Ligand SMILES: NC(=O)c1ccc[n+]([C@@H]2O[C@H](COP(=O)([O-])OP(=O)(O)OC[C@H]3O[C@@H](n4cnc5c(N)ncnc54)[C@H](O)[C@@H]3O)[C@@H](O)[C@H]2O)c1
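Just one chain is shown here, as structure tokens, and it is the form solved without the named molecule.
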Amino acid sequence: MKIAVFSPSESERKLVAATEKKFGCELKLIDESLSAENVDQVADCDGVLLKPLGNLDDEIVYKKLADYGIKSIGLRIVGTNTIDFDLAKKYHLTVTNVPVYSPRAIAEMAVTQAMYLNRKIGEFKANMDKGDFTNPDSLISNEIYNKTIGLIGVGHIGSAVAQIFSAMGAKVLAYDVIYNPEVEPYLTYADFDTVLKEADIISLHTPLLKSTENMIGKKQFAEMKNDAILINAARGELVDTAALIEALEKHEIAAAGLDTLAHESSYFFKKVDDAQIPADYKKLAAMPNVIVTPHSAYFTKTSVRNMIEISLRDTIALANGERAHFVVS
């Protein structure tokens, strides 16, 4: 049982030994992701784990996989769009994926950003950098249990946000289109308008769909409380960035924590020069009441381990024609 691993990250490499032992298999790590140019390297292998940078679009790959007895495409991510299903069907190559990495990883980054912004630590730092070490009333804070949290969408990640906040004593409201009895201990469902008007901290947990692009814009910011804090660890495209920047500069909201931004593809996950960084990011990055992280909410030891292990399990099951949890086909 030798499984090829394409496009391993530094963090995934640290796990290979442990992983090999636990699964009784060998991992063959290959530095680039899978192309026509290096597929010839699964020959001595019984399966493939993928982290595709770019679309898997040219058929010499899909065919040559089947030539070697490969039956499955084990994506180490949720993201499916990089796989041309037409081809996969064409070579009885199942696709697996990793739908849930660690919902607490993302929930905890959201809560963390919200707390820091609530305590205005950045605004204190910007004051201090100018030699102002006072406690002006404009930097006063409050305990989390005096806050209302509002969730737009819930899911596994929102549910974990609600659990955390409600356990610190906060009131958590949520708009959603589906009803889940299991999250009732931790939040109260309410319609969208109420969530936006009443919440002191608002966090996005909606999927990106054409109906949700820009669902947070000028009109929503105007509805928000002026001291509200917006967090978006879901999808950059949910929020109109210019509307956001302006709302922050107008003080129609108080702060924002973003793990994701529209057009992040140009720069997130890369090294770049100054001329490569867009101007909206530079504006947000200069504000003491804004956090931007490079889509790293997921980035814990647990998520990294699960991405590797979940995908590997499905992928070995399928090598043994055994059944698999996260087929997508």
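Numbers for residues come from their place in the sequence shown, where the first is 1.
Keep in mind the form solved in complex with the named molecule is missing from the figure; the text below concerns it.
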Legend entry - Options 276 to 284, 293 to 301, 66 to 74, 49 to 57; stretch whose heavy atom lies within 4.5 Å of the named molecule in the bound PDB entry: 293 to 301
Inset, instruction - Determine whether any heavy atom of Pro207 comes within 4.5 Å of a heavy atom of the named molecule in the bound PDB entry, and answer yes or no. - result: yes
Legend entry - Partner contact for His156 in the bound PDB entry: the named molecule, 4.5 angstroms, heavy atom: yes
Legend entry - in the bound PDB entry, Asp176 touching the named molecule (heavy atom, 4.5 Å): yes
Inset, instruction - Answer for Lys120 alone: is it within 4.5 Å of the named molecule in the bound PDB entry, judged on heavy atom distances? - result: no
Inset, instruction - Could you spot which one of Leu230, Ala247, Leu187, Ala233 gets a heavy atom to within 4.5 Å of the named molecule in the bound PDB entry? - result: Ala233
Inset, instruction - Select from the listed residues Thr82, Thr212, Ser141, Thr94 the one whose heavy atoms reach within 4.5 Å of the named molecule in the bound PDB entry. - result: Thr212
Legend entry - Contact at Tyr101, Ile152 and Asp259 by the named molecule in the bound PDB entry, all three, heavy atom at most 4.5 Å: yes
